[PDB]
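Contents: one structure, followed by commentary.
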Amino acid sequence: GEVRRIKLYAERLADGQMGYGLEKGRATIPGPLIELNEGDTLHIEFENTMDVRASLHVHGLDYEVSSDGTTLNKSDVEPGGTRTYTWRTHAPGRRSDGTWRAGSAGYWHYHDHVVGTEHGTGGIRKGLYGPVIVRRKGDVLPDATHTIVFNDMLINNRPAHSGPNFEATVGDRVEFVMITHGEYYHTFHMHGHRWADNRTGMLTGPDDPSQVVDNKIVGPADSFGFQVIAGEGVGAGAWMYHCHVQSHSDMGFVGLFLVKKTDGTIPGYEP
Amino acid sequence: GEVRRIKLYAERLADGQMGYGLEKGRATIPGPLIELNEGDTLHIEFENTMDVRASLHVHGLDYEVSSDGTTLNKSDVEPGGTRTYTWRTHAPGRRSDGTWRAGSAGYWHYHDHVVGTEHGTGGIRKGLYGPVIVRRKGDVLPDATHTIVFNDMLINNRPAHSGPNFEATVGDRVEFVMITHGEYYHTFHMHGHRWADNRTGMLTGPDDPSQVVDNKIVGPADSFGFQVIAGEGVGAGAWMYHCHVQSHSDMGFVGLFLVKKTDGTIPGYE
Amino acid sequence: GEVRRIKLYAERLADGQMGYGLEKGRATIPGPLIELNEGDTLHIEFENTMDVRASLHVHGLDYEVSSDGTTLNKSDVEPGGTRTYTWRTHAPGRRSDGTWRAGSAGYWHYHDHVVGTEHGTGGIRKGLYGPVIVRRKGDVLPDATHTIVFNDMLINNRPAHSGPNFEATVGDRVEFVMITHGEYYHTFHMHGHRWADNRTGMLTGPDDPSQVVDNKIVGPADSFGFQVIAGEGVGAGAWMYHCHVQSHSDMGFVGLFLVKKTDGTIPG
Ligand SMILES: [Cu+2]
Ligand SMILES: [Cu+2]
Ligand SMILES: [Cu+2]
Ligand SMILES: [Cu+2]
Ligand SMILES: [Cu+2]
Ligand SMILES: [Cu+2]
Ligand SMILES: [Cu+2]
Ligand SMILES: [Cu+2]
Ligand SMILES: [Cu+2]
Ligand SMILES: [Cu+2]
Ligand SMILES: [Cu+2]
Ligand SMILES: [Cu+2]
Ligand SMILES: [Cu+2]
Ligand SMILES: [Cu+2]
């Protein structure tokens, strides 16, 4: 259980998007990946650099109403204002009542709750979302982590036929965090790969009856994640991921998981 | 288990609504909570007090076609009529061939199947829905149970910005039953609390790999439930629950889980 | 693990439809059920008999990009062309990193990826879909398997009020494969029966905490399956299955699981 501190800034981007960043003028969409171990406390020294009220609200983690990031709990930030948000986490364990307390561990996310509406509809639309992973002791750690956000009809707020693409090598342990926002349900599909429908996205062993899937229905504020061995049993290639709702996939919102051979090459593809 | 008998009434209510009740003029939307233990049998002496055919149909439980509650199986109820429905439940166990028979236990629900359409579209819209809990031997029992129904764009058929709110004290074991009906998908979200995506909404112990969530996609006739310790690790507070579909949350369709300190107070909220 | 070889054909059908068949002129919607055991390899000698490009794309199974069935990987089929697709499967096992590799076993599906659009919107709409089951050693095998596809507002591309109905006898072990396609989310409900939300749709034992359900939200390209003992604890009957989205159920998009007594009768 470390007590940890980061700085976070909400910025309006040149293009009129809105992003979180770890430093001024370094905002990204999605926002920076926050990673904590169960038991860790994080203090986020947040600065709203924008000319509108903005906030930081987190799913899954332990927070008091004063870190709700809502108008209801007097927890949003005035233009140019500052606020320290506090996120706590806990390990699982036996309560006195003999019950098992579930831990914080999982694939989570943070987003604005007051831009445009008192539910953050405008901030979320403009890019104020990012991933949070809470790890349990012993969890398997990846070679890389990639965050895919279905935000209305967009992926990571990109234009149609502009990715995002993620590169790996065959055999790499690659982690995906998959977050949904906005108005629409979606189905997330990845070619050539599959994962478990459980906390880690990985089967614990032969006694784990979790469905193994390559396609998952998601709605606004859903988060899940998984890890794959890149190209396992399928080889190097351009492995598309996309929404499987037919009108959505036809808008040209598709990304590629580019799995290269150890010589840096990939079977030829036509994007 | 035990053999149980109850009366149930379907009644027209104010503002063109329809509800189930355990007594005449005590109909509620949602309808009364029905709670059974695996193995129990329930006989429901159902009176349709309305001027249109109505029925009772249940998810999850054991029932014969004579208690289907459908026109197909001639088990709806004529206006002003009475019919006894029978719900059975069973415990899990190995079959003779060594497969495992799943038990009845879970978060379930009952609704009308013949008002407006032969799928109960009018009856459900107007409020003919309620919760059923079937418990397993050794299940953890709560201090209170609250039912939240996303019915089209309404919560429990309340208009925009009309709660419902649920009160607890820090430390209470609070059960939620979450049912969806109608036309739309939703995502159910609760601030400051989380649960397991499994039968009871609680992890069985360290071998249970179920995802821990605070947001769940649901569609018409989905039911799930869970228990939380009120304010566990987060303290007293006005803890919002709402649909996270942004247009739905922006219509005011929000309620509060009001978690008080033992001294009866709650951190100031607006 | 066996190496298996089949032929498949894509063909235009009546009423503006398209389907897959094991023989020319024998295409069905849904397409033929393909059943494999973990470790089996299947080579599909696919002939596109149509006047438009078409492909075969599979969920869940092991395939190389040369069997992706996509424009991106140039592995669709010209009109009148033939292509051998290869699907591999694997058993689960312990990896050299100490993790458990998930096996191929599950309820899966295949469909076109290039008719109408580069995502197969037109091919899927018109009937180019079918079920795939991959079994694990020791899995419980059914007496009968039935495939239900929610494709847009249709079931198995049947018109409103067109079933399909499935017949069983009380005590039969009946498997359902449930696949969704198109534009819409659905909720699949079956009267009188329930299943586990897990890989097999059956609880493995008392240590399996999976929710037991009779209603499941599904979206495009979702697949799940389950087995039930027909009429278990409920008896013979006409047992409705339907989408539970109310306007969907109201269109006539409903079928029956017709469970007979041992003497052949159904409560009428
Ligand atoms: Cu909120
Ligand atoms: Cu989509
Ligand atoms: Cu795909
Ligand atoms: Cu695919
Ligand atoms: Cu949120
Ligand atoms: Cu090229
Ligand atoms: Cu029904
Ligand atoms: Cu909603
Ligand atoms: Cu929240
Ligand atoms: Cu129902
Ligand atoms: Cu695809
Ligand atoms: Cu439907
Ligand atoms: Cu039903
Ligand atoms: Cu697909």
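Residues in the structure tokens are numbered from 1 in each chain, the chains being A, B, ... in the order shown, and ligands are numbered from 1 in the order shown.
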
Could you please select, counting only C-alpha atoms, the residues of chain A within 9 Å of chain C and state them as an MDAnalysis selection string?
-> chainID A and resid 140 185:187 189 191:197 202:218 231:240 243:250 267:271

Check every residue of chain B for an atom within 10 Å of chain A, counting only C-alpha atoms, and provide those that qualify as a PyMOL selection string.
-> chain B and resi 140+185-197+202-218+228-229+231-240+242-250+252+267-270

Filtered DSSP result for range 11-256 of chain A, state strand (DSSP E), as an MDAnalysis selection string = chainID A and resid 11:12 18:21 34:37 41:48 57:58 82:88 93:94 100:101 106:111 129:135 144:151 154:155 166:169 173:181 186:190 195:196 212:213 215:218 223:229 237:243 254:256

Taking only C-alpha atoms and all ligand atoms into account, which of B:171, B:255, B:182, B:120 comes nearest ligand 12?
->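 For ligand 12, the nearest of the candidates is B:182.
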
Find the spatial neighbours of range 4-14 of chain A, counting only C-alpha atoms, within a cut-off of 10 Å - ignore same-chain residues fewer than 4 positions away - and output them as a VMD selection string.
-> chain A and resid 18 to 29 31 to 32 34 36 40 to 52 54 to 56 80 82 to 87 112 123 126 to 128

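With CA of residue 183 in chain B on one side and CA of residue 36 in chain B on the other, the separation reads 29.4 Å.
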
Residues of chain C near chain B: apply a cut-off of 7 Å, count only C-alpha atoms, and supply the list as a ChimeraX atom specification.
-> /C:187,192,194,203-205,209-217,233-235,237,244-247,249-250

Identify, counting only C-alpha atoms and all ligand atoms, the protein, DNA and RNA residues located within 7 Å of ligand 7, and give them as a list in words.
-> residues 113 and 119 of chain B; 191, 240, 241 and 242 of chain C

Keeping N, CA, C and O atoms for every residue in the selection just given, could you write it to a file as an mmCIF file, in the first residue's frame?
```
data_model
loop_
_atom_site.group_PDB
_atom_site.id
_atom_site.type_symbol
_atom_site.label_atom_id
_atom_site.label_comp_id
_atom_site.auth_asym_id
_atom_site.auth_seq_id
_atom_site.Cartn_x
_atom_site.Cartn_y
_atom_site.Cartn_z
ATOM 1 N N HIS B 113 -48.359 -10.786 -19.107
ATOM 2 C CA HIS B 113 -48.073 -11.309 -20.463
ATOM 3 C C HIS B 113 -49.240 -11.112 -21.419
ATOM 4 O O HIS B 113 -49.109 -11.588 -22.511
ATOM 5 N N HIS B 119 -47.659 -10.251 -25.464
ATOM 6 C CA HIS B 119 -46.376 -10.253 -24.689
ATOM 7 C C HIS B 119 -46.428 -9.259 -23.537
ATOM 8 O O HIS B 119 -45.390 -9.020 -22.903
ATOM 9 N N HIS C 191 -39.154 -19.716 -22.098
ATOM 10 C CA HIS C 191 -40.069 -20.094 -21.000
ATOM 11 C C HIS C 191 -39.751 -21.508 -20.525
ATOM 12 O O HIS C 191 -39.347 -22.399 -21.306
ATOM 13 N N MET C 240 -42.506 -21.285 -25.159
ATOM 14 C CA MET C 240 -42.126 -20.145 -26.019
ATOM 15 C C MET C 240 -40.652 -19.797 -25.844
ATOM 16 O O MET C 240 -40.135 -19.736 -24.720
ATOM 17 N N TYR C 241 -39.992 -19.463 -26.932
ATOM 18 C CA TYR C 241 -38.764 -18.644 -26.836
ATOM 19 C C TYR C 241 -38.982 -17.411 -27.701
ATOM 20 O O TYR C 241 -39.707 -17.457 -28.720
ATOM 21 N N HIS C 242 -38.388 -16.297 -27.319
ATOM 22 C CA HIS C 242 -38.592 -15.048 -28.053
ATOM 23 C C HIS C 242 -37.577 -14.016 -27.628
ATOM 24 O O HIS C 242 -37.030 -14.122 -26.508
#
```

Which residue gives the smallest distance to ligand 1 among B:230, B:254, B:128, B:259, with only C-alpha atoms and all ligand atoms counted?
->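 Among the listed residues, the smallest separation from ligand 1 belongs to B:254.
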